[PDB]
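S.K.: Coordinates in upload24.pdb, PDB, C-alpha atoms, are listed below.
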ATOM      1  CA  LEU V   1      11.344  -1.035   1.309
ATOM      2  CA  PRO V   2      10.236  -0.988   4.986
ATOM      3  CA  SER V   3       8.199  -3.942   6.227
ATOM      4  CA  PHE V   4       6.361  -1.653   8.653
ATOM      5  CA  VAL V   5       5.296   1.976   8.244
ATOM      6  CA  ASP V   6       3.102   4.114  10.493
ATOM      7  CA  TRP V   7       3.133   7.838   9.832
ATOM      8  CA  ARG V   8       1.288   8.430  13.097
ATOM      9  CA  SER V   9       4.410   7.422  15.027
ATOM     10  CA  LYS V  10       6.411  10.025  13.098
ATOM     11  CA  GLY V  11       4.169  12.884  14.205
ATOM     12  CA  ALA V  12       2.888  13.403  10.669
ATOM     13  CA  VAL V  13      -0.785  12.659  11.346
ATOM     14  CA  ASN V  14      -3.324  14.995  12.956
ATOM     15  CA  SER V  15      -5.903  14.008  15.574
ATOM     16  CA  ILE V  16      -8.945  12.206  14.164
ATOM     17  CA  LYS V  17     -11.640  14.505  12.747
ATOM     18  CA  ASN V  18     -15.377  14.094  12.092
ATOM     19  CA  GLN V  19     -17.103  15.130   8.855
ATOM     20  CA  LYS V  20     -20.502  14.774  10.536
ATOM     21  CA  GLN V  21     -23.622  15.190   8.358
ATOM     22  CA  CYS V  22     -21.907  16.553   5.252
ATOM     23  CA  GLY V  23     -20.688  14.665   2.193
ATOM     24  CA  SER V  24     -17.182  16.026   2.542
ATOM     25  CA  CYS V  25     -15.084  12.841   2.766
ATOM     26  CA  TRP V  26     -13.223  14.033  -0.339
ATOM     27  CA  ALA V  27     -12.103  17.165   1.505
ATOM     28  CA  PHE V  28     -11.093  15.333   4.667
ATOM     29  CA  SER V  29      -9.061  12.808   2.694
ATOM     30  CA  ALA V  30      -7.287  15.498   0.680
ATOM     31  CA  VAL V  31      -6.580  17.752   3.661
ATOM     32  CA  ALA V  32      -5.164  14.904   5.759
ATOM     33  CA  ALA V  33      -2.730  14.036   2.972
ATOM     34  CA  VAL V  34      -1.691  17.681   2.663
ATOM     35  CA  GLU V  35      -1.209  18.105   6.419
ATOM     36  CA  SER V  36       1.089  15.082   6.407
ATOM     37  CA  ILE V  37       3.320  16.055   3.490
ATOM     38  CA  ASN V  38       3.672  19.537   4.989
ATOM     39  CA  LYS V  39       4.956  17.999   8.235
ATOM     40  CA  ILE V  40       7.294  15.643   6.393
ATOM     41  CA  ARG V  41       8.773  18.489   4.332
ATOM     42  CA  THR V  42       8.766  21.433   6.758
ATOM     43  CA  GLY V  43       8.791  19.813  10.197
ATOM     44  CA  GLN V  44       5.523  21.415  11.293
ATOM     45  CA  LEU V  45       2.157  19.690  11.721
ATOM     46  CA  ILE V  46      -0.639  22.209  11.170
ATOM     47  CA  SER V  47      -4.368  21.412  11.142
ATOM     48  CA  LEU V  48      -5.836  22.669   7.865
ATOM     49  CA  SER V  49      -9.349  23.714   6.751
ATOM     50  CA  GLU V  50     -11.669  21.150   5.154
ATOM     51  CA  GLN V  51     -14.322  23.878   5.246
ATOM     52  CA  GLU V  52     -12.356  26.014   2.788
ATOM     53  CA  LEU V  53     -12.569  23.193   0.250
ATOM     54  CA  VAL V  54     -16.290  22.687   0.824
ATOM     55  CA  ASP V  55     -16.966  26.410   0.327
ATOM     56  CA  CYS V  56     -14.340  27.357  -2.242
ATOM     57  CA  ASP V  57     -13.648  24.398  -4.528
ATOM     58  CA  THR V  58     -16.335  25.240  -7.073
ATOM     59  CA  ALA V  59     -15.387  22.222  -9.198
ATOM     60  CA  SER V  60     -16.495  19.985  -6.342
ATOM     61  CA  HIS V  61     -20.027  19.649  -4.991
ATOM     62  CA  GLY V  62     -19.883  20.934  -1.412
ATOM     63  CA  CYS V  63     -21.642  18.536   0.961
ATOM     64  CA  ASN V  64     -22.944  16.555  -2.020
ATOM     65  CA  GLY V  65     -19.544  15.079  -2.791
ATOM     66  CA  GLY V  66     -16.354  15.705  -4.706
ATOM     67  CA  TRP V  67     -12.926  14.258  -5.424
ATOM     68  CA  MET V  68      -9.540  14.436  -3.737
ATOM     69  CA  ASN V  69      -7.836  15.381  -7.010
ATOM     70  CA  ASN V  70     -10.231  18.331  -7.347
ATOM     71  CA  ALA V  71      -9.143  19.402  -3.874
ATOM     72  CA  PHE V  72      -5.441  19.204  -4.735
ATOM     73  CA  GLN V  73      -6.100  21.240  -7.881
ATOM     74  CA  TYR V  74      -7.919  23.913  -5.868
ATOM     75  CA  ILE V  75      -5.080  24.208  -3.344
ATOM     76  CA  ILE V  76      -2.561  24.567  -6.175
ATOM     77  CA  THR V  77      -4.588  27.165  -8.095
ATOM     78  CA  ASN V  78      -5.473  29.069  -4.915
ATOM     79  CA  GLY V  79      -1.838  29.205  -3.848
ATOM     80  CA  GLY V  80      -2.496  27.407  -0.587
ATOM     81  CA  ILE V  81      -5.087  26.660   2.083
ATOM     82  CA  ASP V  82      -6.011  28.220   5.450
ATOM     83  CA  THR V  83      -5.860  26.631   8.903
ATOM     84  CA  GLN V  84      -8.758  24.960  10.693
ATOM     85  CA  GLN V  85      -8.335  27.595  13.406
ATOM     86  CA  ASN V  86      -8.933  30.484  10.994
ATOM     87  CA  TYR V  87     -11.557  28.699   8.867
ATOM     88  CA  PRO V  88     -13.445  26.246  11.178
ATOM     89  CA  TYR V  89     -15.524  23.283  10.042
ATOM     90  CA  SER V  90     -19.295  23.819  10.016
ATOM     91  CA  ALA V  91     -20.478  20.722   8.102
ATOM     92  CA  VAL V  92     -22.566  22.814   5.704
ATOM     93  CA  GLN V  93     -21.582  24.732   2.575
ATOM     94  CA  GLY V  94     -21.358  28.467   3.093
ATOM     95  CA  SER V  95     -19.821  31.520   1.464
ATOM     96  CA  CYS V  96     -16.174  31.116   0.495
ATOM     97  CA  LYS V  97     -14.394  33.477   2.923
ATOM     98  CA  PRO V  98     -13.002  36.393   0.863
ATOM     99  CA  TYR V  99     -10.112  37.243   3.183
ATOM    100  CA  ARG V 100      -8.907  33.752   4.025
ATOM    101  CA  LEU V 101      -5.157  33.171   4.296
ATOM    102  CA  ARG V 102      -2.876  30.807   2.385
ATOM    103  CA  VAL V 103      -0.832  29.140   5.128
ATOM    104  CA  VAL V 104       0.227  25.824   3.586
ATOM    105  CA  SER V 105       0.816  25.203  -0.108
ATOM    106  CA  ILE V 106       1.643  22.249  -2.349
ATOM    107  CA  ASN V 107       3.452  22.029  -5.695
ATOM    108  CA  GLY V 108       1.356  19.360  -7.377
ATOM    109  CA  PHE V 109       0.028  15.828  -6.984
ATOM    110  CA  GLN V 110       0.720  12.317  -8.273
ATOM    111  CA  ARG V 111      -1.682   9.581  -9.337
ATOM    112  CA  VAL V 112      -0.491   6.124  -8.270
ATOM    113  CA  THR V 113      -0.662   3.217 -10.725
ATOM    114  CA  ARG V 114      -4.263   1.982 -10.504
ATOM    115  CA  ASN V 115      -5.200  -1.470  -9.166
ATOM    116  CA  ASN V 116      -1.712  -2.342  -7.946
ATOM    117  CA  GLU V 117      -1.265  -2.788  -4.201
ATOM    118  CA  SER V 118       2.508  -3.147  -4.585
ATOM    119  CA  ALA V 119       2.733   0.260  -6.249
ATOM    120  CA  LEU V 120       0.472   1.621  -3.515
ATOM    121  CA  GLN V 121       2.754   0.197  -0.814
ATOM    122  CA  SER V 122       5.717   2.020  -2.361
ATOM    123  CA  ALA V 123       3.768   5.284  -2.299
ATOM    124  CA  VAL V 124       2.691   4.853   1.332
ATOM    125  CA  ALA V 125       6.305   4.219   2.338
ATOM    126  CA  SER V 126       7.005   7.814   1.273
ATOM    127  CA  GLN V 127       3.885   9.560   2.611
ATOM    128  CA  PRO V 128       0.169   9.112   3.432
ATOM    129  CA  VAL V 129      -1.957   8.468   0.335
ATOM    130  CA  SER V 130      -5.561   9.454  -0.455
ATOM    131  CA  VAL V 131      -7.786   6.595  -1.654
ATOM    132  CA  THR V 132     -11.398   5.568  -2.178
ATOM    133  CA  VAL V 133     -13.070   2.655  -0.377
ATOM    134  CA  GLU V 134     -16.532   1.118  -0.465
ATOM    135  CA  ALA V 135     -17.825   1.929   3.013
ATOM    136  CA  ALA V 136     -21.608   1.620   2.795
ATOM    137  CA  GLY V 137     -21.694  -1.985   3.977
ATOM    138  CA  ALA V 138     -22.713  -3.173   7.437
ATOM    139  CA  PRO V 139     -19.421  -5.048   8.012
ATOM    140  CA  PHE V 140     -17.366  -1.915   7.349
ATOM    141  CA  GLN V 141     -19.592   0.467   9.315
ATOM    142  CA  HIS V 142     -19.755  -1.761  12.402
ATOM    143  CA  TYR V 143     -16.024  -2.514  12.404
ATOM    144  CA  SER V 144     -14.553  -2.282  15.913
ATOM    145  CA  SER V 145     -11.019  -3.699  15.911
ATOM    146  CA  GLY V 146      -8.621  -6.191  14.378
ATOM    147  CA  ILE V 147      -7.865  -6.658  10.697
ATOM    148  CA  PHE V 148     -10.991  -6.160   8.580
ATOM    149  CA  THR V 149     -11.263  -8.744   5.792
ATOM    150  CA  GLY V 150     -14.584  -7.780   4.221
ATOM    151  CA  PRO V 151     -16.998  -8.341   2.678
ATOM    152  CA  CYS V 152     -17.466  -5.067   0.797
ATOM    153  CA  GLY V 153     -17.888  -3.876  -2.781
ATOM    154  CA  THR V 154     -15.790  -1.709  -5.076
ATOM    155  CA  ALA V 155     -17.965   1.378  -5.441
ATOM    156  CA  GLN V 156     -16.026   4.590  -4.857
ATOM    157  CA  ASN V 157     -18.520   5.963  -2.329
ATOM    158  CA  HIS V 158     -16.082   7.158   0.326
ATOM    159  CA  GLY V 159     -12.645   8.730   0.590
ATOM    160  CA  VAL V 160     -10.022   8.016   3.239
ATOM    161  CA  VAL V 161      -6.255   8.085   3.759
ATOM    162  CA  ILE V 162      -3.760   5.268   4.202
ATOM    163  CA  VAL V 163      -1.271   6.223   6.913
ATOM    164  CA  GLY V 164       0.688   2.987   7.108
ATOM    165  CA  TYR V 165       1.056  -0.735   6.505
ATOM    166  CA  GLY V 166       2.536  -3.825   8.099
ATOM    167  CA  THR V 167       2.094  -7.514   8.811
ATOM    168  CA  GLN V 168       0.702  -9.165  11.918
ATOM    169  CA  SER V 169       0.865 -12.930  12.360
ATOM    170  CA  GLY V 170       0.976 -13.514   8.611
ATOM    171  CA  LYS V 171      -1.787 -11.068   7.711
ATOM    172  CA  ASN V 172      -0.770  -8.018   5.655
ATOM    173  CA  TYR V 173      -2.678  -4.833   6.438
ATOM    174  CA  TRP V 174      -3.178  -1.178   5.674
ATOM    175  CA  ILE V 175      -3.689   1.384   8.462
ATOM    176  CA  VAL V 176      -6.575   3.560   7.294
ATOM    177  CA  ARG V 177      -7.627   6.941   8.699
ATOM    178  CA  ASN V 178     -11.380   7.595   8.556
ATOM    179  CA  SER V 179     -13.218  10.872   9.196
ATOM    180  CA  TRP V 180     -16.159   9.655  11.281
ATOM    181  CA  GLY V 181     -14.787  10.691  14.654
ATOM    182  CA  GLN V 182     -13.082   8.750  17.429
ATOM    183  CA  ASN V 183     -16.202   6.761  18.325
ATOM    184  CA  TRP V 184     -16.021   4.780  15.093
ATOM    185  CA  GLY V 185     -13.756   1.795  14.523
ATOM    186  CA  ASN V 186     -10.581   1.606  16.582
ATOM    187  CA  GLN V 187     -10.359   5.179  17.841
ATOM    188  CA  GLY V 188     -11.199   6.381  14.346
ATOM    189  CA  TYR V 189      -8.963   3.988  12.401
ATOM    190  CA  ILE V 190      -9.503   0.712  10.594
ATOM    191  CA  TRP V 191      -6.948  -1.986   9.779
ATOM    192  CA  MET V 192      -7.759  -3.433   6.351
ATOM    193  CA  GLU V 193      -6.311  -6.593   4.841
ATOM    194  CA  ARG V 194      -3.613  -5.924   2.250
ATOM    195  CA  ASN V 195      -2.459  -7.956  -0.762
ATOM    196  CA  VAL V 196      -5.791  -9.636  -1.431
ATOM    197  CA  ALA V 197      -6.570 -11.672  -4.567
ATOM    198  CA  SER V 198      -8.561  -8.939  -6.320
ATOM    199  CA  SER V 199      -6.381  -6.387  -8.123
ATOM    200  CA  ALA V 200      -8.752  -3.628  -7.003
ATOM    201  CA  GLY V 201      -7.792  -4.307  -3.388
ATOM    202  CA  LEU V 202     -10.104  -4.800  -0.417
ATOM    203  CA  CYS V 203     -13.228  -2.645  -0.820
ATOM    204  CA  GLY V 204     -11.553  -1.252  -3.941
ATOM    205  CA  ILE V 205      -8.892   0.595  -1.953
ATOM    206  CA  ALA V 206      -6.311   0.341  -4.761
ATOM    207  CA  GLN V 207      -8.548   1.717  -7.521
ATOM    208  CA  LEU V 208      -7.808   5.449  -7.381
ATOM    209  CA  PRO V 209      -4.859   6.470  -5.169
ATOM    210  CA  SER V 210      -3.253   9.915  -5.305
ATOM    211  CA  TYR V 211      -1.119  12.130  -3.094
ATOM    212  CA  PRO V 212       0.053  15.758  -2.945
ATOM    213  CA  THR V 213       3.642  16.723  -3.706
ATOM    214  CA  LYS V 214       5.739  19.447  -2.129
ATOM    215  CA  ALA V 215       9.291  20.161  -3.264
TER     216      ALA V 215
END
Would it be possible to restate this file's structure as structure tokens?
M.R.:
Amino acid sequence: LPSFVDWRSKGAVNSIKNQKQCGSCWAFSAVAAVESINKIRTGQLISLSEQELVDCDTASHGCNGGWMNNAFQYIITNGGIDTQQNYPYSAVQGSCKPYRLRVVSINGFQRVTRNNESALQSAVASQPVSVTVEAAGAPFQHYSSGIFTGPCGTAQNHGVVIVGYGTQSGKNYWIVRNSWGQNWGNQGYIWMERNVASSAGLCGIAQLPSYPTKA
């Protein structure tokens, strides 16, 4: 099991995006994970449409929230998802485009053992993983750089993606991709302490991990 993993260095992670004024974190987290597994399996990194999920996943709640697993289920049932180029992000729920295309598809999704950072590390070593984090706190929102150590709660009020992990001067960390643009955190990313005392993980990051599968 690698001691260091960073999917960004393997060309499997897209440029940072911005969800803006829409409660679509669930869609951004799910899409990022899908974009990555597609690259890992097919060799091509394609930017996919978060907007399609906001408009077409009727099991989710548009800009009022949703869940990454709902998103994976939609992509599977729909037979795929369109590109960002053909179905651009508008940050508001609109009509689900009737003639959208199914460019990238997935075969299913796996739910990682809950509240177990070791199990989560194993999953991240294979591909980026979608997770929830408590991100309403001042410490988290004003994060600029370095390894974030809290404080924060465990509410599942935000969805992000873990794109790597490692250790720096004795401190274990997770590399987390946020969807608040490049002007937030460290060029859009946040390094969060890993292997903390609480089984739920820092800010509850280990509570509900899942990732898409593609044979």
S.K.: Convert the output of the PyMOL selection byres ((chain V and resi 90) around 12) on the shown file into explicit residues, formatted as an MDAnalysis selection string.
M.R.: chainID V and resid 18:22 24 49:55 62:63 84 87:89 91:95
S.K.: Excluding residue 163 in chain V and residues on its chain fewer than 3 positions from it, collect all residues at most 8 Å away from it, counting only C-alpha atoms, and give them as a PyMOL selection string.
M.R.: chain V and resi 5-8+13+124+127-129+174-177
S.K.: So which one's closest to residue 121 in chain V, V:172, V:145, V:187, V:44? Using all atoms listed in the file, please.
M.R.: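 Closest to residue 121 in chain V, using all atoms listed in the file: V:172.
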S.K.: Taking the file as shown, find all residues satisfying the PyMOL selection byres ((chain V and resi 195) around 9) and write them as a list in words.
M.R.: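 Given this file, the PyMOL selection byres ((chain V and resi 195) around 9) evaluates to residues 117, 118, 172, 173, 193, 194, 196, 197, 198, 199, 201 and 202 of chain V.
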S.K.: Convert the output of the PyMOL selection byres ((chain V and resi 136-138) around 12) on the shown file into explicit residues, formatted as a PyMOL selection string.
M.R.: chain V and resi 133-135+139-144+150-159+203
S.K.: From the list V:76, V:68, V:37, V:160, which residue is nearest residue 17 in chain V when using all atoms listed in the file?
M.R.: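 Distance minimum relative to residue 17 in chain V lands on V:160.
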S.K.: My list of candidates is V:113, V:178, V:85, V:186. Which is closest to residue 146 in chain V when distances are computed with only C-alpha atoms?
M.R.: V:186
S.K.: Would you place a box with edges along x, y and z of the file around all atoms of range 134-143 of chain V listed there, add 5 Å to each of its six sides, and report the centre and edge lengths in Å to one decimal, as lines of an AutoDock Vina configuration file?
M.R.:
center_x = -19.4
center_y = -1.6
center_z = 6.0
size_x = 16.7
size_y = 17.0
size_z = 22.9
S.K.: Where atoms are missing, can you supply N, CA and C atoms for range 108-134 of chain V and output the lot as an mmCIF file, in the coordinates of the input?
M.R.:
data_model
loop_
_atom_site.group_PDB
_atom_site.id
_atom_site.type_symbol
_atom_site.label_atom_id
_atom_site.label_comp_id
_atom_site.auth_asym_id
_atom_site.auth_seq_id
_atom_site.Cartn_x
_atom_site.Cartn_y
_atom_site.Cartn_z
ATOM 1 N N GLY V 108 2.041 20.187 -6.401
ATOM 2 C CA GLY V 108 1.356 19.360 -7.377
ATOM 3 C C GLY V 108 0.816 18.106 -6.721
ATOM 4 N N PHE V 109 0.521 17.090 -7.524
ATOM 5 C CA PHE V 109 0.028 15.828 -6.984
ATOM 6 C C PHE V 109 0.294 14.703 -7.977
ATOM 7 N N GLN V 110 0.438 13.491 -7.454
ATOM 8 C CA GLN V 110 0.720 12.317 -8.273
ATOM 9 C C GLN V 110 -0.395 11.284 -8.178
ATOM 10 N N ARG V 111 -0.665 10.617 -9.294
ATOM 11 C CA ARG V 111 -1.682 9.581 -9.337
ATOM 12 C C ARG V 111 -0.912 8.264 -9.362
ATOM 13 N N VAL V 112 -1.161 7.416 -8.370
ATOM 14 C CA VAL V 112 -0.491 6.124 -8.270
ATOM 15 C C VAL V 112 -1.068 5.138 -9.280
ATOM 16 N N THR V 113 -0.225 4.239 -9.777
ATOM 17 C CA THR V 113 -0.662 3.217 -10.725
ATOM 18 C C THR V 113 -1.927 2.567 -10.161
ATOM 19 N N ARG V 114 -2.996 2.551 -10.951
ATOM 20 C CA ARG V 114 -4.263 1.982 -10.504
ATOM 21 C C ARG V 114 -4.258 0.457 -10.369
ATOM 22 N N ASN V 115 -5.054 -0.040 -9.428
ATOM 23 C CA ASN V 115 -5.200 -1.470 -9.166
ATOM 24 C C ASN V 115 -3.891 -2.232 -9.008
ATOM 25 N N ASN V 116 -3.000 -1.700 -8.183
ATOM 26 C CA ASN V 116 -1.712 -2.342 -7.946
ATOM 27 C C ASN V 116 -1.289 -2.058 -6.509
ATOM 28 N N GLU V 117 -1.606 -2.977 -5.603
ATOM 29 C CA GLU V 117 -1.265 -2.788 -4.201
ATOM 30 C C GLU V 117 0.226 -2.677 -3.914
ATOM 31 N N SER V 118 1.063 -3.234 -4.785
ATOM 32 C CA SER V 118 2.508 -3.147 -4.585
ATOM 33 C C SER V 118 2.963 -1.720 -4.857
ATOM 34 N N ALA V 119 2.401 -1.114 -5.899
ATOM 35 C CA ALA V 119 2.733 0.260 -6.249
ATOM 36 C C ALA V 119 2.222 1.173 -5.141
ATOM 37 N N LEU V 120 1.064 0.828 -4.586
ATOM 38 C CA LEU V 120 0.472 1.621 -3.515
ATOM 39 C C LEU V 120 1.331 1.541 -2.251
ATOM 40 N N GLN V 121 1.904 0.370 -1.988
ATOM 41 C CA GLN V 121 2.754 0.197 -0.814
ATOM 42 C C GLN V 121 3.974 1.109 -0.925
ATOM 43 N N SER V 122 4.547 1.181 -2.123
ATOM 44 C CA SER V 122 5.717 2.020 -2.361
ATOM 45 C C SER V 122 5.386 3.487 -2.095
ATOM 46 N N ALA V 123 4.193 3.905 -2.507
ATOM 47 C CA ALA V 123 3.768 5.284 -2.299
ATOM 48 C C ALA V 123 3.579 5.580 -0.810
ATOM 49 N N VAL V 124 2.934 4.663 -0.095
ATOM 50 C CA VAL V 124 2.691 4.853 1.332
ATOM 51 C C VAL V 124 3.991 4.900 2.132
ATOM 52 N N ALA V 125 5.022 4.219 1.643
ATOM 53 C CA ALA V 125 6.305 4.219 2.338
ATOM 54 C C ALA V 125 6.919 5.617 2.331
ATOM 55 N N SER V 126 6.491 6.451 1.387
ATOM 56 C CA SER V 126 7.005 7.814 1.273
ATOM 57 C C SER V 126 6.117 8.869 1.931
ATOM 58 N N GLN V 127 4.813 8.608 2.000
ATOM 59 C CA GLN V 127 3.885 9.560 2.611
ATOM 60 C C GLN V 127 2.456 9.019 2.577
ATOM 61 N N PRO V 128 1.564 9.572 3.418
ATOM 62 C CA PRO V 128 0.169 9.112 3.432
ATOM 63 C C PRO V 128 -0.459 9.330 2.057
ATOM 64 N N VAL V 129 -1.324 8.406 1.648
ATOM 65 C CA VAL V 129 -1.957 8.468 0.335
ATOM 66 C C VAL V 129 -3.483 8.470 0.401
ATOM 67 N N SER V 130 -4.103 9.345 -0.389
ATOM 68 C CA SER V 130 -5.561 9.454 -0.455
ATOM 69 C C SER V 130 -6.122 8.355 -1.351
ATOM 70 N N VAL V 131 -7.173 7.683 -0.887
ATOM 71 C CA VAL V 131 -7.786 6.595 -1.654
ATOM 72 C C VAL V 131 -9.299 6.533 -1.457
ATOM 73 N N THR V 132 -9.963 5.758 -2.307
ATOM 74 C CA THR V 132 -11.398 5.568 -2.178
ATOM 75 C C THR V 132 -11.593 4.176 -1.577
ATOM 76 N N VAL V 133 -12.726 3.966 -0.920
ATOM 77 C CA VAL V 133 -13.070 2.655 -0.377
ATOM 78 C C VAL V 133 -14.581 2.569 -0.434
ATOM 79 N N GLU V 134 -15.109 1.371 -0.479
ATOM 80 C CA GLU V 134 -16.532 1.118 -0.465
ATOM 81 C C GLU V 134 -16.858 0.948 1.011
#
